[PDB]
$ cat query-v3.cif   # mmCIF, C-alpha atoms; chains and numbers go by the auth columns
data_my_file
loop_
_atom_site.group_PDB
_atom_site.id
_atom_site.type_symbol
_atom_site.label_atom_id
_atom_site.label_comp_id
_atom_site.label_asym_id
_atom_site.label_seq_id
_atom_site.Cartn_x
_atom_site.Cartn_y
_atom_site.Cartn_z
_atom_site.B_iso_or_equiv
_atom_site.auth_seq_id
_atom_site.auth_asym_id
ATOM 1 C CA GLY A 1 212.474 49.584 -0.597 0.00 1 A
ATOM 2 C CA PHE A 2 211.678 48.365 -4.109 0.00 2 A
ATOM 3 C CA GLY A 3 214.116 51.135 -4.997 0.00 3 A
ATOM 4 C CA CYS A 4 215.527 54.340 -3.542 0.00 4 A
ATOM 5 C CA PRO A 5 217.074 55.310 -1.392 0.00 5 A
ATOM 6 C CA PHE A 6 218.962 52.086 -2.103 0.00 6 A
ATOM 7 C CA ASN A 7 218.366 51.698 -5.836 0.00 7 A
ATOM 8 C CA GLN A 8 216.961 54.927 -7.268 0.00 8 A
ATOM 9 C CA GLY A 9 217.960 53.804 -10.756 0.00 9 A
ATOM 10 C CA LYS A 10 215.609 50.835 -10.477 0.00 10 A
ATOM 11 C CA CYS A 11 212.819 53.387 -10.135 0.00 11 A
ATOM 12 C CA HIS A 12 214.599 56.286 -11.828 0.00 12 A
ATOM 13 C CA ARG A 13 215.778 54.240 -14.799 0.00 13 A
ATOM 14 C CA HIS A 14 212.584 52.261 -15.357 0.00 14 A
ATOM 15 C CA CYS A 15 210.506 55.423 -15.721 0.00 15 A
ATOM 16 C CA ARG A 16 213.291 57.394 -17.396 0.00 16 A
ATOM 17 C CA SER A 17 213.054 54.900 -20.251 0.00 17 A
ATOM 18 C CA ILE A 18 209.437 56.018 -20.536 0.00 18 A
ATOM 19 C CA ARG A 19 210.839 59.435 -21.427 0.00 19 A
ATOM 20 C CA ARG A 20 210.282 60.377 -17.787 0.00 20 A
ATOM 21 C CA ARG A 21 212.763 62.473 -15.800 0.00 21 A
ATOM 22 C CA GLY A 22 212.744 62.190 -12.011 0.00 22 A
ATOM 23 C CA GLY A 23 211.082 60.198 -9.237 0.00 23 A
ATOM 24 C CA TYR A 24 211.146 59.214 -5.571 0.00 24 A
ATOM 25 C CA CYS A 25 210.462 55.864 -3.916 0.00 25 A
ATOM 26 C CA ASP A 26 207.211 55.744 -1.951 0.00 26 A
ATOM 27 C CA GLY A 27 207.538 53.214 0.862 0.00 27 A
ATOM 28 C CA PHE A 28 210.003 51.329 3.053 0.00 28 A
ATOM 29 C CA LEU A 29 209.507 47.784 1.770 0.00 29 A
ATOM 30 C CA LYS A 30 209.005 46.403 -1.733 0.00 30 A
ATOM 31 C CA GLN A 31 206.060 48.745 -2.259 0.00 31 A
ATOM 32 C CA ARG A 32 206.457 50.720 -5.480 0.00 32 A
ATOM 33 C CA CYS A 33 207.701 53.991 -6.951 0.00 33 A
ATOM 34 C CA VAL A 34 205.835 56.778 -8.729 0.00 34 A
ATOM 35 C CA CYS A 35 208.121 58.863 -10.925 0.00 35 A
ATOM 36 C CA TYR A 36 207.273 62.552 -10.631 0.00 36 A
ATOM 37 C CA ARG A 37 205.258 62.610 -13.858 0.00 37 A
ATOM 38 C CA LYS A 38 201.925 60.863 -13.329 0.00 38 A
#

$ encode --input "query-v3.cif" --output "structure tokens"
Amino acid sequence: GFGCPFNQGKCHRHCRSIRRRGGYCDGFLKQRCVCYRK
């Protein structure tokens, strides 16, 4: 969806920039991702 498993970077790079480190898409369609750290 919005990202992984097609574009993890889109959801793994957006958060990463926030000093984050890891994540996993949460949905099939353009829903939204929630990088590990909350």

$ atom_distance --input "query-v3.cif" --atom1 "CA of residue 11 (chain A)" --atom2 "CA of residue 27 (chain A)"
12.2 Å

$ residues_near_point --input "query-v3.cif" --point "(212.7, 45.5, 0.1)" --cutoff "10 Å" --atoms "all atoms listed in the file" --output "MDAnalysis selection string"
chainID A and resid 1:4 6 27:32

$ write_last_selection --input "query-v3.cif" --atoms "C-alpha atoms" --output "PDB file, keeping the file's coordinate frame"
ATOM      1  CA  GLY A   1     212.474  49.584  -0.597  1.00  0.00           C
ATOM      2  CA  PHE A   2     211.678  48.365  -4.109  1.00  0.00           C
ATOM      3  CA  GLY A   3     214.116  51.135  -4.997  1.00  0.00           C
ATOM      4  CA  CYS A   4     215.527  54.340  -3.542  1.00  0.00           C
ATOM      5  CA  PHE A   6     218.962  52.086  -2.103  1.00  0.00           C
ATOM      6  CA  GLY A  27     207.538  53.214   0.862  1.00  0.00           C
ATOM      7  CA  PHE A  28     210.003  51.329   3.053  1.00  0.00           C
ATOM      8  CA  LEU A  29     209.507  47.784   1.770  1.00  0.00           C
ATOM      9  CA  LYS A  30     209.005  46.403  -1.733  1.00  0.00           C
ATOM     10  CA  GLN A  31     206.060  48.745  -2.259  1.00  0.00           C
ATOM     11  CA  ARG A  32     206.457  50.720  -5.480  1.00  0.00           C
TER      12      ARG A  32
END

$ resolve_selection --input "query-v3.cif" --expression "the PyMOL selection byres ((chain A and resi 22) around 7)" --output "JSON, numbers by chain"
{"A": [12, 20, 21, 23, 35, 36]}
